[PDB]
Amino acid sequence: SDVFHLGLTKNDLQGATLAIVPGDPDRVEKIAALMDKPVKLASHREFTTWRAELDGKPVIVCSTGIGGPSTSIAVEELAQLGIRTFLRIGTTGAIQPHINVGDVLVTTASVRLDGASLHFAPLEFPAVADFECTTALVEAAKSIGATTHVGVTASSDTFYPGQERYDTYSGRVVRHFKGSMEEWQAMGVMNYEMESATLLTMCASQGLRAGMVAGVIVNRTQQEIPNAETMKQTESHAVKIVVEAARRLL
């Protein structure tokens, strides 16, 4: 292995410069199966890597795990191995009333409610997505025909207090995050997730291209629990979009 965590060599990639980066290790195979000649490379901790082919060109699929810290490890080590373009796909909870479950969201930039992004750039630096990657995702969503929303995402280091959840062990939220959801809502923020602030900041400040797409599985203004059947269809919809976007970026 040429790297500390992923368990991969330069030869394993076979000249790949683009990677799709989901959060769940168990979802890596499903994405790679949509492309040609899928093969397993490695699995260590939360990092599972598969290789595939797209229009005769090698492509990587690699899981990051939950959160900025493990995402920062995966992105750095993939960059060392030659990756220059990163496309993230994940699940999300919407905070706007007009956004429904099953909708697809493309992130232009993120609210930095994380710690890892500060290790690459000061807070004043924008957590902005690459223009070519964002274009490819919006065009891919229109190609397959989905309800799409484009805008700002709130990216939090926690699932609970940072997203103003009160049904917890303590039942309390620290002063800084008290009434924060209502503030983001008024500012036009679409949704909550946990990795995009880190990914977009670290790529934009290091000459790497990054894009972000997500499927809505819950709306915070309507309900609190997701549905099992609709989630699988929504995940399938978002996967098709990210693969189609990767096609345009090769």
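The first residue of the shown sequence is 1; numbering continues from there. Rigid core (definition): largest C-alpha set, two forms, superposition within 1.5 Å.
For the pair 195-203 and 23-31, greater average C-alpha departure from the shown form in 6 other deposited structures of this protein after core alignment is found in 23-31. Across the other compared structures of the same protein with both neighbouring residues present, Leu13 carries coordinates in every case, with no third of them leaving it out. In the record comparison, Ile241 is modelled in each of the other entries of this protein that model the residues flanking it, with no third of them omitting it. The stretch 221-229 shows the higher mean C-alpha B-factor when 194-202 is compared against 221-229 in the entry. Sorting the modelled residues of the chain by their CA temperature factor places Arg112 in the lowest third. Per the deposited record, the Cα B-factor of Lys178 falls in the highest third when ranked against the other modelled residues of its chain.
For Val104, the recorded CA B-factor ranks within the lowest third of the chain. Only modelled residues enter the ranking. Sort the chain's modelled residues by C-alpha temperature factor and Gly215 lands in the middle third, per the entry.
Annotation for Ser143: CA B-factor lies in the highest third of the chain's modelled residues.
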